>>> print(open('start_3.cif').read())   # mmCIF, C-alpha atoms (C1' of nucleotides) and all ligand atoms
data_work
#
loop_
_atom_site.label_atom_id
_atom_site.label_comp_id
_atom_site.auth_asym_id
_atom_site.auth_seq_id
_atom_site.Cartn_x
_atom_site.Cartn_y
_atom_site.Cartn_z
CA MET A 1 11.48 144.72 37.33
CA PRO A 2 11.52 147.13 34.36
CA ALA A 3 14.36 146.85 31.90
CA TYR A 4 15.59 150.46 31.99
CA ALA A 5 17.25 151.93 35.08
CA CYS A 6 15.29 155.18 34.69
CA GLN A 7 12.04 153.22 35.24
CA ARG A 8 12.80 152.14 38.78
CA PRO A 9 14.04 153.78 41.97
CA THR A 10 17.64 152.99 42.84
CA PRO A 11 18.74 154.13 46.31
CA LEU A 12 22.28 154.91 47.30
CA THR A 13 22.48 152.05 49.77
CA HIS A 14 20.76 148.74 49.20
CA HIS A 15 20.56 145.03 49.99
CA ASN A 16 22.92 143.40 47.48
CA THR A 17 26.13 145.38 47.96
CA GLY A 18 28.60 142.51 47.56
CA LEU A 19 26.92 141.09 44.46
CA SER A 20 26.74 144.47 42.72
CA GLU A 21 30.39 145.23 43.57
CA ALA A 22 31.52 141.99 41.95
CA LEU A 23 29.62 142.68 38.74
CA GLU A 24 31.02 146.20 38.68
CA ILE A 25 34.59 144.79 38.82
CA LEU A 26 33.81 142.87 35.64
CA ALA A 27 32.25 145.98 34.10
CA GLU A 28 35.36 148.02 34.86
CA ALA A 29 37.65 145.30 33.47
CA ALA A 30 35.58 145.15 30.29
CA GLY A 31 36.10 148.90 29.89
CA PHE A 32 39.85 148.52 30.27
CA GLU A 33 39.74 146.10 27.32
CA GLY A 34 37.55 148.37 25.21
CA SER A 35 34.49 146.09 25.44
CA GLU A 36 31.84 148.77 25.81
CA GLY A 37 28.91 146.40 25.25
CA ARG A 38 30.00 144.03 27.99
CA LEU A 39 30.73 146.94 30.34
CA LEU A 40 27.18 148.17 29.79
CA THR A 41 25.60 144.77 30.48
CA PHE A 42 27.57 144.22 33.70
CA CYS A 43 26.74 147.76 34.87
CA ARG A 44 23.06 147.18 34.12
CA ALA A 45 23.03 143.83 35.91
CA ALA A 46 24.70 145.38 38.94
CA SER A 47 22.12 148.17 38.93
CA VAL A 48 19.19 145.72 38.84
CA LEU A 49 20.49 144.25 42.09
CA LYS A 50 20.71 147.70 43.67
CA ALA A 51 16.99 148.21 42.89
CA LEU A 52 15.82 145.00 44.55
CA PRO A 53 13.92 145.27 47.85
CA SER A 54 15.84 142.56 49.73
CA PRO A 55 18.94 140.36 49.43
CA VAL A 56 19.28 137.74 46.73
CA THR A 57 19.79 134.47 48.62
CA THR A 58 19.07 131.88 45.92
CA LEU A 59 19.79 131.61 42.22
CA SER A 60 16.08 131.19 41.43
CA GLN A 61 15.55 134.81 42.50
CA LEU A 62 17.38 135.92 39.32
CA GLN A 63 14.80 134.26 37.07
CA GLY A 64 13.10 136.89 34.96
CA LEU A 65 15.35 139.75 36.05
CA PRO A 66 16.55 141.82 33.09
CA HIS A 67 20.24 141.75 32.13
CA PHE A 68 20.92 138.45 33.92
CA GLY A 69 22.02 135.80 31.47
CA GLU A 70 24.42 132.92 31.69
CA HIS A 71 27.50 134.96 32.63
CA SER A 72 26.09 137.36 35.22
CA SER A 73 24.03 134.53 36.74
CA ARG A 74 27.14 132.34 37.10
CA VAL A 75 28.95 135.15 38.91
CA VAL A 76 26.08 135.48 41.39
CA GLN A 77 25.78 131.71 41.76
CA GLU A 78 29.44 131.39 42.72
CA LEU A 79 29.21 134.23 45.24
CA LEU A 80 26.11 132.67 46.82
CA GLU A 81 27.68 129.19 47.00
CA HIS A 82 31.31 130.00 47.94
CA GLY A 83 31.47 133.68 48.95
CA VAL A 84 33.80 134.44 46.06
CA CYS A 85 33.74 134.30 42.26
CA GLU A 86 36.94 132.94 40.74
CA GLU A 87 36.75 135.13 37.64
CA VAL A 88 36.27 138.25 39.72
CA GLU A 89 39.21 137.37 41.98
CA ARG A 90 41.42 136.61 38.99
CA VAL A 91 40.63 140.06 37.58
CA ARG A 92 41.25 141.74 40.95
CA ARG A 93 44.78 140.37 41.34
CA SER A 94 45.81 140.69 37.67
CA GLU A 95 48.64 143.08 36.86
CA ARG A 96 46.65 144.40 33.90
CA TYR A 97 43.60 145.33 35.94
CA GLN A 98 45.58 146.85 38.81
CA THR A 99 47.76 148.97 36.53
CA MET A 100 44.94 150.13 34.24
CA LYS A 101 42.96 151.13 37.33
CA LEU A 102 45.95 153.03 38.75
CA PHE A 103 46.71 154.84 35.51
CA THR A 104 43.12 155.70 34.52
CA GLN A 105 42.53 157.16 38.00
CA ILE A 106 45.03 159.89 37.05
CA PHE A 107 43.36 163.12 35.95
CA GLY A 108 44.29 163.50 32.28
CA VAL A 109 44.76 159.77 31.61
CA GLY A 110 42.08 157.67 29.94
CA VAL A 111 41.91 154.02 28.90
CA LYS A 112 43.74 154.57 25.61
CA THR A 113 46.67 156.38 27.22
CA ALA A 114 46.85 153.92 30.11
CA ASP A 115 46.80 150.96 27.72
CA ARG A 116 49.60 152.44 25.59
CA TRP A 117 51.72 152.97 28.71
CA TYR A 118 50.95 149.44 29.90
CA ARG A 119 52.06 147.98 26.56
CA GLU A 120 55.26 150.07 26.85
CA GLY A 121 56.01 148.30 30.15
CA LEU A 122 55.06 151.08 32.57
CA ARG A 123 53.49 149.96 35.84
CA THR A 124 53.78 152.59 38.61
CA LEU A 125 53.26 156.30 39.16
CA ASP A 126 57.01 156.74 39.64
CA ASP A 127 57.56 155.12 36.24
CA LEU A 128 55.53 157.99 34.80
CA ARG A 129 57.28 160.69 36.81
CA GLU A 130 60.64 159.45 35.48
CA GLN A 131 59.69 160.48 31.90
CA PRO A 132 57.79 163.78 32.26
CA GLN A 133 58.51 164.72 28.65
CA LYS A 134 55.79 162.18 27.80
CA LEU A 135 53.12 163.91 29.93
CA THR A 136 50.66 166.63 29.06
CA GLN A 137 50.30 169.60 31.41
CA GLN A 138 46.99 168.12 32.56
CA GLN A 139 48.63 164.77 33.28
CA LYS A 140 51.45 166.47 35.14
CA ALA A 141 48.89 168.16 37.40
CA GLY A 142 47.01 164.90 37.83
CA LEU A 143 50.21 163.13 38.86
CA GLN A 144 51.40 165.89 41.22
CA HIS A 145 48.04 165.98 42.97
CA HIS A 146 47.25 162.25 42.71
CA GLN A 147 47.57 161.52 46.44
CA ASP A 148 45.21 164.32 47.49
CA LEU A 149 42.78 163.49 44.69
CA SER A 150 42.66 159.88 45.98
CA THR A 151 41.45 161.07 49.42
CA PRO A 152 37.64 161.18 49.83
CA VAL A 153 35.93 164.56 49.65
CA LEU A 154 33.52 164.92 52.58
CA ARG A 155 30.25 166.84 52.91
CA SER A 156 31.93 169.46 55.10
CA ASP A 157 34.42 170.07 52.28
CA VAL A 158 31.54 170.58 49.86
CA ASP A 159 29.84 173.25 51.97
CA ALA A 160 33.14 175.15 52.19
CA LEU A 161 33.73 175.00 48.44
CA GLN A 162 30.20 176.11 47.64
CA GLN A 163 30.63 179.29 49.66
CA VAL A 164 33.84 180.30 47.87
CA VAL A 165 32.30 179.51 44.47
CA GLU A 166 29.22 181.61 45.34
CA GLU A 167 31.42 184.53 46.38
CA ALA A 168 33.27 184.51 43.05
CA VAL A 169 30.06 183.94 41.09
CA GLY A 170 28.39 186.88 42.85
CA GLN A 171 31.14 189.30 41.78
CA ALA A 172 31.29 187.87 38.28
CA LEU A 173 27.55 188.26 37.78
CA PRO A 174 25.19 189.50 40.50
CA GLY A 175 22.10 187.35 40.68
CA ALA A 176 23.78 184.23 39.34
CA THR A 177 23.14 181.05 41.30
CA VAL A 178 25.15 177.98 42.22
CA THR A 179 23.54 174.52 42.53
CA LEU A 180 25.31 171.44 43.90
CA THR A 181 24.93 168.54 41.45
CA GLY A 182 26.55 165.13 40.85
CA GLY A 183 26.80 162.47 43.49
CA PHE A 184 26.47 164.84 46.41
CA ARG A 185 23.04 165.93 45.17
CA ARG A 186 22.09 162.19 45.03
CA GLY A 187 22.93 161.98 48.75
CA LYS A 188 26.50 160.70 48.82
CA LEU A 189 28.40 161.48 51.99
CA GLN A 190 31.81 161.19 50.31
CA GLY A 191 33.03 161.61 46.78
CA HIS A 192 36.06 162.14 44.60
CA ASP A 193 34.98 165.47 43.10
CA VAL A 194 32.41 168.21 43.56
CA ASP A 195 30.04 169.28 40.77
CA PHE A 196 28.40 172.73 40.50
CA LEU A 197 25.87 174.11 38.02
CA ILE A 198 25.67 177.89 37.56
CA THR A 199 22.89 179.90 35.87
CA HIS A 200 21.17 183.31 36.02
CA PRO A 201 17.40 183.95 36.02
CA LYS A 202 17.62 186.35 33.04
CA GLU A 203 18.16 184.38 29.83
CA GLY A 204 21.40 185.37 28.15
CA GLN A 205 23.03 187.02 31.15
CA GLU A 206 25.07 183.86 31.72
CA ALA A 207 26.98 184.30 28.44
CA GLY A 208 30.70 184.74 29.09
CA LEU A 209 30.29 183.93 32.77
CA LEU A 210 32.70 181.10 33.34
CA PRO A 211 35.92 182.98 32.37
CA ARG A 212 34.97 185.76 34.78
CA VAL A 213 34.39 183.20 37.54
CA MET A 214 37.66 181.38 36.90
CA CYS A 215 39.67 184.62 36.84
CA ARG A 216 38.26 185.63 40.22
CA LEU A 217 38.92 182.22 41.79
CA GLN A 218 42.47 182.26 40.39
CA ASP A 219 43.08 185.74 41.82
CA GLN A 220 42.00 184.46 45.24
CA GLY A 221 44.74 181.80 45.05
CA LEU A 222 42.22 178.95 45.09
CA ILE A 223 42.99 177.35 41.72
CA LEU A 224 45.84 174.89 41.61
CA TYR A 225 44.97 173.84 38.03
CA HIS A 226 42.53 174.70 35.27
CA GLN A 227 42.59 174.52 31.48
CA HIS A 228 42.84 178.32 31.05
CA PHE A 229 33.81 177.99 27.55
CA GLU A 230 30.97 176.51 29.65
CA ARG A 231 32.58 173.59 31.54
CA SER A 232 35.69 173.89 33.71
CA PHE A 233 37.48 170.87 35.21
CA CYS A 234 39.56 172.36 38.03
CA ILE A 235 41.73 171.42 40.98
CA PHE A 236 40.96 173.67 43.96
CA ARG A 237 43.00 174.46 47.03
CA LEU A 238 40.73 173.60 49.97
CA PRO A 239 41.71 174.77 53.48
CA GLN A 240 42.41 172.09 56.09
CA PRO A 241 43.42 172.43 59.77
CA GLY A 242 46.84 174.09 59.56
CA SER A 243 47.19 173.12 55.90
CA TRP A 244 45.10 172.40 52.79
CA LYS A 245 44.38 169.71 50.21
CA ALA A 246 43.75 169.58 46.48
CA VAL A 247 40.16 168.79 45.42
CA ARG A 248 38.64 168.22 41.97
CA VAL A 249 35.80 170.67 41.24
CA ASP A 250 33.68 170.87 38.07
CA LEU A 251 31.95 174.12 37.19
CA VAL A 252 29.26 174.18 34.52
CA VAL A 253 27.21 177.10 33.17
CA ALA A 254 23.81 176.76 31.49
CA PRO A 255 21.18 179.27 30.38
CA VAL A 256 18.09 179.19 32.55
CA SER A 257 16.00 177.84 29.64
CA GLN A 258 18.22 174.74 29.68
CA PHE A 259 18.76 174.56 33.44
CA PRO A 260 16.34 171.61 34.05
CA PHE A 261 18.09 169.55 31.39
CA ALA A 262 21.53 170.45 32.66
CA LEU A 263 20.52 169.76 36.26
CA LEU A 264 19.10 166.38 35.28
CA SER A 265 22.22 165.47 33.30
CA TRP A 266 24.80 166.60 35.84
CA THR A 267 22.96 164.97 38.76
CA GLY A 268 23.41 161.52 37.18
CA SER A 269 24.20 158.82 37.90
CA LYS A 270 26.16 158.19 34.72
CA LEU A 271 24.28 154.94 34.13
CA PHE A 272 20.94 156.62 34.93
CA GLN A 273 21.58 159.26 32.26
CA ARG A 274 22.68 156.73 29.62
CA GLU A 275 19.57 154.68 30.33
CA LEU A 276 17.33 157.77 30.29
CA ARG A 277 18.71 158.89 26.92
CA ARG A 278 18.38 155.34 25.56
CA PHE A 279 14.78 155.16 26.80
CA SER A 280 13.93 158.56 25.33
CA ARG A 281 15.28 157.69 21.87
CA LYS A 282 14.26 154.03 21.61
CA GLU A 283 10.88 154.01 23.43
CA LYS A 284 9.66 157.60 22.87
CA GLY A 285 11.47 158.69 19.70
CA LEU A 286 12.80 161.82 21.42
CA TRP A 287 16.45 162.91 21.57
CA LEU A 288 17.70 163.89 25.05
CA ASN A 289 20.91 165.67 26.08
CA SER A 290 22.05 168.18 28.70
CA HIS A 291 20.65 171.06 26.61
CA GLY A 292 17.14 169.88 25.78
CA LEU A 293 14.73 167.24 24.50
CA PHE A 294 14.16 167.25 20.74
CA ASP A 295 11.22 165.87 18.75
CA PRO A 296 12.84 164.93 15.40
CA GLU A 297 9.48 164.51 13.66
CA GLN A 298 8.04 167.94 14.55
CA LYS A 299 11.57 169.41 14.74
CA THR A 300 10.82 171.15 18.04
CA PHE A 301 12.39 171.34 21.51
CA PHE A 302 10.36 170.67 24.67
CA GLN A 303 10.37 173.62 27.04
CA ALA A 304 10.86 172.35 30.57
CA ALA A 305 10.60 174.40 33.75
CA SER A 306 11.63 171.58 36.10
CA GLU A 307 13.03 168.10 36.21
CA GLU A 308 9.45 167.01 36.98
CA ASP A 309 8.49 168.40 33.54
CA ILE A 310 11.10 166.24 31.82
CA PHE A 311 10.01 163.01 33.50
CA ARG A 312 6.39 163.81 32.58
CA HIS A 313 7.28 164.47 28.93
CA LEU A 314 8.99 161.06 28.77
CA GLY A 315 6.06 159.27 30.44
CA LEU A 316 8.19 158.25 33.42
CA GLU A 317 7.29 158.42 37.09
CA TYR A 318 9.35 161.11 38.81
CA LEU A 319 12.42 159.97 40.72
CA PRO A 320 14.11 162.35 43.17
CA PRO A 321 17.93 162.54 42.93
CA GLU A 322 18.38 160.12 45.84
CA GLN A 323 16.63 157.41 43.76
CA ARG A 324 18.78 157.92 40.61
CA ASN A 325 21.77 155.98 41.99
CA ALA A 326 21.72 153.45 39.20
"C1'" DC B 1 21.77 140.35 13.70
"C1'" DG B 2 22.39 145.69 15.40
"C1'" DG B 3 22.60 148.36 19.20
"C1'" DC B 4 24.54 149.93 23.25
"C1'" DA B 5 24.18 158.27 25.46
"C1'" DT B 6 25.73 162.34 24.52
"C1'" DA B 7 27.97 166.10 24.99
"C1'" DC B 8 32.23 169.83 25.73
"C1'" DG B 9 37.77 171.21 26.37
"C1'" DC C 1 43.09 162.55 22.95
"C1'" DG C 2 41.09 164.25 27.50
"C1'" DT C 3 36.85 165.59 30.64
"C1'" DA C 4 31.75 165.05 32.68
"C1'" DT C 5 26.98 162.95 34.33
"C1'" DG D 1 26.79 140.46 27.58
"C1'" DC D 2 22.44 140.81 26.90
"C1'" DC D 3 17.85 142.44 24.57
"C1'" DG D 4 14.44 142.97 21.14
CL CL E 401 24.83 166.14 26.78
MG MG E 402 31.01 164.06 40.65
MG MG E 403 33.58 160.75 37.24
NA NA E 404 41.68 159.61 34.23
NA NA E 405 32.70 165.94 38.36
#
>>> encode(input="start_3.cif", output="structure tokens")
Amino acid sequence: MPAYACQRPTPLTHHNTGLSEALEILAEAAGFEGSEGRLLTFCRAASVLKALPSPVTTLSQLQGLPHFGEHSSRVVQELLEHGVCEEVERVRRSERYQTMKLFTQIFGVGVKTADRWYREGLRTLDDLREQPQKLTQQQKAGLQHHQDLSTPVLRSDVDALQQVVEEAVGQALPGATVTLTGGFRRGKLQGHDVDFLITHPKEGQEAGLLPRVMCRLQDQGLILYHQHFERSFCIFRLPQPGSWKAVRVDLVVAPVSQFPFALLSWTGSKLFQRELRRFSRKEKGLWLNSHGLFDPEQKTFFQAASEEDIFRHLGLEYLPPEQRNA
DNA sequence: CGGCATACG
DNA sequence: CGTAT
DNA sequence: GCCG
């Protein structure tokens, strides 16, 4: 078992679902407390289990696995022996965990804002609605639409959204293309948002594109919220039988020269990308981001024509999106 | 021990 | 500060 | 919390 998540295939569904979910509770709780190192270890340990070819049934099967030390091994041991890990259950029922989860799930609210509100004594969404003077416009929109944004987005929803985005993109710039990214490109059947990557085959033609796209979507009455650039974090009005629902949609523009890097980045998973960038820098001495791959010795950028190119330039076996579910 | 990904709005 | 993978 |  290699030590980096980008070195091994990780499918969307796997054979250690309960164990990985427990470790991810502890990762999430660590994040709520600002312990980024511990969050990363618990995420990595959970991801190792997702990459295994069969269920862990005995503690000895953790021997030699990366990112399993005394703490993560104890969690697994308790789940194997008793079906439950006392630390995990204590987190789950804690007021701190439940409230931080509720508040950070709001669009426009991060850990720091949620923690401040928690320390002020706030606990519920209606507590927040009672004092709207304290909310940003983004937070107001997140709170108004919270119920819809908590409802899973389905694949049928995604196909509908892609058509309306393509229509607006086609008027904004003929020849521009729309690619589905994020979790849906990795094969998810449900999600909490939809991610799109937009480019144009002629380098430079994509400059100024996103404002033209957003203006056209807003004129069609489809935008319930946006910040108005090359990234837009929107709330769309999606038709439903006899009604509609609010859906989070992210629109990103990249020049075609950078498209492979942007596609790789926005397809994720989040952990896969962190691990890939860590691997690039620490093992290969190359600096990776959503724009390119930089050699800091030669001071040159690696031209890539495909995701396959990027994996090759990092010395990694290619993984299709469906195997990047770290 | 230091390090833990990297960007944009 | 928030957002994203 | 774990690795190198
Ligand atoms: Cl980036
Ligand atoms: Mg997404
Ligand atoms: Mg997200
Ligand atoms: Na949030
Ligand atoms: Na998104």
>>> closest_atom_pairs(input="start_3.cif", of="chain A", to="ligand NA 404 (chain E)", cutoff="7 Å", atoms="all atoms listed in the file", output="JSON lines")
{"residue": "A:104", "atom": "CA", "partner": "E:NA404", "partner_atom": "NA", "distance": 4.2}
{"residue": "A:105", "atom": "CA", "partner": "E:NA404", "partner_atom": "NA", "distance": 4.6}
{"residue": "A:106", "atom": "CA", "partner": "E:NA404", "partner_atom": "NA", "distance": 4.4}
{"residue": "A:107", "atom": "CA", "partner": "E:NA404", "partner_atom": "NA", "distance": 4.3}
{"residue": "A:108", "atom": "CA", "partner": "E:NA404", "partner_atom": "NA", "distance": 5.1}
{"residue": "A:109", "atom": "CA", "partner": "E:NA404", "partner_atom": "NA", "distance": 4.0}
{"residue": "A:110", "atom": "CA", "partner": "E:NA404", "partner_atom": "NA", "distance": 4.7}
>>> residues_near_ligand(input="start_3.cif", ligand="ligand NA 405 (chain E)", cutoff="6 Å", atoms="only C-alpha atoms (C1' of nucleotides) and all ligand atoms", output="number ranges by chain")
A: 193-195, 250; C: 4
>>> write_last_selection(input="start_3.cif", atoms="C-alpha atoms (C1' of nucleotides)", output="compact mmCIF listing (two decimals), in the coordinates of the input")
# COMPACT_ATOMS: atom_id res chain seq x y z
CA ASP A 193 34.98 165.47 43.10
CA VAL A 194 32.41 168.21 43.56
CA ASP A 195 30.04 169.28 40.77
CA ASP A 250 33.68 170.87 38.07
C1' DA C 4 31.75 165.05 32.68
>>> interface_residues(input="start_3.cif", of="chain B", to="chain A", cutoff="8 Å", atoms="all atoms listed in the file", output="count of residues only")
6
>>> residues_near_ligand(input="start_3.cif", ligand="ligand MG 402 (chain E)", cutoff="12 Å", atoms="all atoms listed in the file", output="PDB file with C-alpha atoms (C1' of nucleotides), in the coordinates of the input")
ATOM      1  CA  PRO A 152      37.640 161.180  49.830  1.00  0.00           C
ATOM      2  CA  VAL A 153      35.930 164.560  49.650  1.00  0.00           C
ATOM      3  CA  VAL A 158      31.540 170.580  49.860  1.00  0.00           C
ATOM      4  CA  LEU A 180      25.310 171.440  43.900  1.00  0.00           C
ATOM      5  CA  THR A 181      24.930 168.540  41.450  1.00  0.00           C
ATOM      6  CA  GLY A 182      26.550 165.130  40.850  1.00  0.00           C
ATOM      7  CA  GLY A 183      26.800 162.470  43.490  1.00  0.00           C
ATOM      8  CA  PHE A 184      26.470 164.840  46.410  1.00  0.00           C
ATOM      9  CA  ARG A 185      23.040 165.930  45.170  1.00  0.00           C
ATOM     10  CA  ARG A 186      22.090 162.190  45.030  1.00  0.00           C
ATOM     11  CA  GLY A 187      22.930 161.980  48.750  1.00  0.00           C
ATOM     12  CA  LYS A 188      26.500 160.700  48.820  1.00  0.00           C
ATOM     13  CA  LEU A 189      28.400 161.480  51.990  1.00  0.00           C
ATOM     14  CA  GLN A 190      31.810 161.190  50.310  1.00  0.00           C
ATOM     15  CA  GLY A 191      33.030 161.610  46.780  1.00  0.00           C
ATOM     16  CA  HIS A 192      36.060 162.140  44.600  1.00  0.00           C
ATOM     17  CA  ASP A 193      34.980 165.470  43.100  1.00  0.00           C
ATOM     18  CA  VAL A 194      32.410 168.210  43.560  1.00  0.00           C
ATOM     19  CA  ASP A 195      30.040 169.280  40.770  1.00  0.00           C
ATOM     20  CA  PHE A 196      28.400 172.730  40.500  1.00  0.00           C
ATOM     21  CA  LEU A 197      25.870 174.110  38.020  1.00  0.00           C
ATOM     22  CA  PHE A 233      37.480 170.870  35.210  1.00  0.00           C
ATOM     23  CA  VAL A 247      40.160 168.790  45.420  1.00  0.00           C
ATOM     24  CA  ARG A 248      38.640 168.220  41.970  1.00  0.00           C
ATOM     25  CA  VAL A 249      35.800 170.670  41.240  1.00  0.00           C
ATOM     26  CA  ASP A 250      33.680 170.870  38.070  1.00  0.00           C
ATOM     27  CA  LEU A 251      31.950 174.120  37.190  1.00  0.00           C
ATOM     28  CA  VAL A 252      29.260 174.180  34.520  1.00  0.00           C
ATOM     29  CA  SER A 265      22.220 165.470  33.300  1.00  0.00           C
ATOM     30  CA  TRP A 266      24.800 166.600  35.840  1.00  0.00           C
ATOM     31  CA  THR A 267      22.960 164.970  38.760  1.00  0.00           C
ATOM     32  CA  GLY A 268      23.410 161.520  37.180  1.00  0.00           C
ATOM     33  CA  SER A 269      24.200 158.820  37.900  1.00  0.00           C
ATOM     34  CA  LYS A 270      26.160 158.190  34.720  1.00  0.00           C
TER      35      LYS A 270
ATOM     36  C1'  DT C   3      36.850 165.590  30.640  1.00  0.00           C
ATOM     37  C1'  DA C   4      31.750 165.050  32.680  1.00  0.00           C
ATOM     38  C1'  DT C   5      26.980 162.950  34.330  1.00  0.00           C
TER      39       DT C   5
END
>>> closest_residue(input="start_3.cif", among="A:283, A:19, A:178, A:246", to="chain D", atoms="all atoms listed in the file")
A:283
>>> residues_near_point(input="start_3.cif", point="(32.3, 180.1, 35.0)", cutoff="7 Å", atoms="only C-alpha atoms (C1' of nucleotides)", output="PyMOL selection string")
chain A and resi 209-214+230+251-253
>>> residues_near_point(input="start_3.cif", point="(28.1, 140.7, 26.9)", cutoff="12 Å", atoms="all atoms listed in the file", output="PyMOL selection string")
(chain A and resi 26-27+30-31+35-45+67-72) or (chain B and resi 4) or (chain D and resi 1-3)
>>> write_last_selection(input="start_3.cif", atoms="C-alpha atoms (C1' of nucleotides)", output="mmCIF file, keeping the file's coordinate frame")
data_model
loop_
_atom_site.group_PDB
_atom_site.id
_atom_site.type_symbol
_atom_site.label_atom_id
_atom_site.label_comp_id
_atom_site.auth_asym_id
_atom_site.auth_seq_id
_atom_site.Cartn_x
_atom_site.Cartn_y
_atom_site.Cartn_z
ATOM 1 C CA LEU A 26 33.810 142.870 35.640
ATOM 2 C CA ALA A 27 32.250 145.980 34.100
ATOM 3 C CA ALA A 30 35.580 145.150 30.290
ATOM 4 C CA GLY A 31 36.100 148.900 29.890
ATOM 5 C CA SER A 35 34.490 146.090 25.440
ATOM 6 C CA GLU A 36 31.840 148.770 25.810
ATOM 7 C CA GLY A 37 28.910 146.400 25.250
ATOM 8 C CA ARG A 38 30.000 144.030 27.990
ATOM 9 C CA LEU A 39 30.730 146.940 30.340
ATOM 10 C CA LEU A 40 27.180 148.170 29.790
ATOM 11 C CA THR A 41 25.600 144.770 30.480
ATOM 12 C CA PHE A 42 27.570 144.220 33.700
ATOM 13 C CA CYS A 43 26.740 147.760 34.870
ATOM 14 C CA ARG A 44 23.060 147.180 34.120
ATOM 15 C CA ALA A 45 23.030 143.830 35.910
ATOM 16 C CA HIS A 67 20.240 141.750 32.130
ATOM 17 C CA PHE A 68 20.920 138.450 33.920
ATOM 18 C CA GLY A 69 22.020 135.800 31.470
ATOM 19 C CA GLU A 70 24.420 132.920 31.690
ATOM 20 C CA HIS A 71 27.500 134.960 32.630
ATOM 21 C CA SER A 72 26.090 137.360 35.220
ATOM 22 C "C1'" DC B 4 24.540 149.930 23.250
ATOM 23 C "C1'" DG D 1 26.790 140.460 27.580
ATOM 24 C "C1'" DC D 2 22.440 140.810 26.900
ATOM 25 C "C1'" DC D 3 17.850 142.440 24.570
#
>>> atom_distance(input="start_3.cif", atom1="atom CA of residue A:22", atom2="atom CA of residue A:88")
6.4 Å
>>> closest_residue(input="start_3.cif", among="A:6, A:59, A:128, A:235", to="residue A:321", atoms="all atoms listed in the file")
A:6
